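Chemist: Structure incoming, see below.
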Amino acid sequence: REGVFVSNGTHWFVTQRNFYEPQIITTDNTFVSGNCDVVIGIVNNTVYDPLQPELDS
Amino acid sequence: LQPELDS
Amino acid sequence: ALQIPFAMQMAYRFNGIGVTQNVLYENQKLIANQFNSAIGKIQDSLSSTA
Ligand SMILES: *[C@@H]1O[C@H](CO)[C@@H](O)[C@H](O)[C@H]1NC(C)=O
Ligand SMILES: *[C@@H]1O[C@H](CO)[C@@H](O)[C@H](O)[C@H]1NC(C)=O
Numbered sequence: 030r031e032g033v034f035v036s037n038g039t040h041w042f043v044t045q046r047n048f049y050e051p052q053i054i055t056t057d058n059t060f061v062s063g064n065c066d067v068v069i070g071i072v073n074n075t076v077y078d079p080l081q082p083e084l085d086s
Numbered sequence: 126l127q128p129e130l131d132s
Numbered sequence: 020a021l022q023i024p025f026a027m028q029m030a031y032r033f034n035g036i037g038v039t040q041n042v043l044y045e046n047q048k049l050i051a052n053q054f055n056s057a058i059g060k061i062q063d064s065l066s067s068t069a
């Protein structure tokens, strides 16, 4: 949404681009647009859902 | 949220 | 100088003019071709007259 995706090789995070501060990737940190075919150089991993704890209510 | 609150 | 991939530098330059950055990545080959064609026309433009 604003920031950059980065990884310590094992895990994927998003950060603000002018100071390293890792955030867990979530559907409020990010926005959807279309499908994995068109983006050159995309990667997989999970995106976590902030509603999931109350999906488990 | 409303389709998720269908749970 | 902090290295960054050139497609991501353009994504953050689009994000600087009120265009959501997915508009770049969904069009990257077309945007690269528009730039490559446009910079080609500069050589002919400069060649045409002093
Ligand atoms: C990045 O660079 C190397 C060498 O050009 C290439 O093998 C690799 O596929 C490239 N990846 C992307 C996402 O362009
Ligand atoms: C992501 O995973 C799918 C299978 O779920 C696979 O087909 C695809 O090639 C993977 N993409 C990348 C960029 O690794």
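Protein chains in written order, with this note's numbering: chain E, 30 to 86; chain V, 126 to 132; chain L, 20 to 69. Cβ atoms here follow ideal geometry from the backbone N, Cα and C, with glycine treated the same way.
Chain L partners of residue 63 (chain E), CB-CB under 7 Å?
Modeler: Ordered by position in chain L, the residues that pass the 7 Å Cβ test against residue 63 (chain E) are 45.
Chemist: Residues of chain E with CB closer than 9 Å to the CB of residue 41 (chain L), please, in chain order.
Modeler: The contacting residues are 60, 61, 62, 63 and 68.
Chemist: Would you tell me roughly how many angstroms separate the C-alpha atoms of residue 70 (chain E) and residue 80 (chain E), rounded to the nearest one?
Modeler: Their backbone Cα atoms lie some 29 Å apart in a straight line.
Chemist: What's the call for residue 17 (chain L), buried or exposed, on a 16-neighbour Cβ count within 10 Å?
Modeler: Summary: the structure shown does not reach residue 17 (chain L), with chain L confined to residues 20 through 69, and so no result is reported for it.
Chemist: Do residue 76 (chain E) and residue 55 (chain E) have their beta-carbon atoms positioned less than 8 Å apart in this structure?
Modeler: Contact flag set, yes.
Chemist: Below 9 Å on C-beta distance, what does residue 26 (chain L) contact in chain E?
Modeler: Near residue 26 (chain L) (Cβ distances below 9 Å), the residues of chain E are 69 and 70.
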